[PDB]
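Peer 1: Numbering (my numbering), first residue to last: 353 to 491.
Each residue gets a CB set at the ideal place from its N, CA and C atoms; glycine is no exception.
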């Protein structure tokens, strides 16, 4: 339904564990998800395909909207799923391996506050495939 409930992401690296480690982490996006992403949803952490998907979930809260990703790494840093070291190699990886993902200007990045991070100790079978772009979980 249009009520939604949350979004689900596989997370491109092993930093799914971050949210379960500290119980409250910050997932950053270089503008990918649309206006369904509101403060007061859930964020289900997808694991892998086959019968073994969805490693856990959490609750989406106050999103910090800023054009510089380094704003999130000076404010949170430790609280963000990846570090600034992971950021700089990631952006380089997109522009040197992804043909030439460059830009004359910077874009609006978003830092989602993830609190109350729940765990699926049960292997939940995905109802559909969750790519790097991620899927909108709606009730």
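Three-state secondary structure (DSSP) at residue 377?
Peer 2: In the structure shown, residue 377 sits in a strand (DSSP, three-state: E or B).
Peer 1: At the level of alpha carbons, what is the spacing between residue 434 and residue 354?
Peer 2: Going by the C-alpha atoms only, they are around 31 Å apart.
Peer 1: Determine whether the beta carbon atoms of residue 412 and residue 429 lie at a separation below 9 Å.
Peer 2: Taking 9 Å as the Cβ cut-off, residue 412 and residue 429 do not qualify as a contacting pair.
Peer 1: My output table needs one value for residue 479: the three-state DSSP class, helix, strand or coil.
Peer 2: Here residue 479 sits in coil by DSSP.
Peer 1: In chain order, what residues of the same chain have a beta carbon less than 7 Å from the beta carbon of residue 357, not counting five sequence neighbours either side?
Peer 2: Same-chain partners within the cutoff: 393, 394, 489, 490 and 491.
Peer 1: Look at the alpha carbon of residue 418 and the alpha carbon of residue 387, and state the distance between them as a whole number of angstroms.
Peer 2: The alpha-carbon atoms of residue 418 and residue 387 are separated by roughly 16 Å.
Peer 1: Which of the three DSSP states is assigned to residue 490 in this structure?
Peer 2: In this structure, residue 490 counts as strand in the three-state DSSP scheme.
Peer 1: Going straight from the alpha carbon of residue 471 to that of residue 487, what length do you get?
Peer 2: For residue 471 and residue 487, the distance between alpha carbons rounds to 19 Å.
Peer 1: Select from 401, 474, 425 and 378 the residue whose C-alpha is nearest the C-alpha of residue 484.
Peer 2: Minimum Cα distance to residue 484 is reached at 401.
Peer 1: Here's the rule I'm using: 16 or more other beta-carbon atoms within 10 Å means buried, otherwise exposed. How should residue 360 be labelled?
Peer 2: Buried, because 16 or more other Cβ atoms sit within 10 Å of the Cβ of residue 360.
Peer 1: Taking all protein chains shown into account, decide if residue 370 is buried (16 or more other Cβ within 10 angstroms of its Cβ) or exposed.
Peer 2: So residue 370 ends up on the buried side.
Peer 1: Under a three-way DSSP split, which group does residue 445 fall into?
Peer 2: Three-state DSSP puts residue 445 in a helix.
Peer 1: Name the two residues that bound the continuous alpha helix (DSSP H) containing residue 422.
Peer 2: Residue 422 -> alpha helix (DSSP H) spans 422–427.
Peer 1: Which residue from 457, 373 and 363 puts its Cα closest to that of residue 380?
Peer 2: For the residues 457, 373 and 363, the minimum Cα distance to residue 380 belongs to 363.
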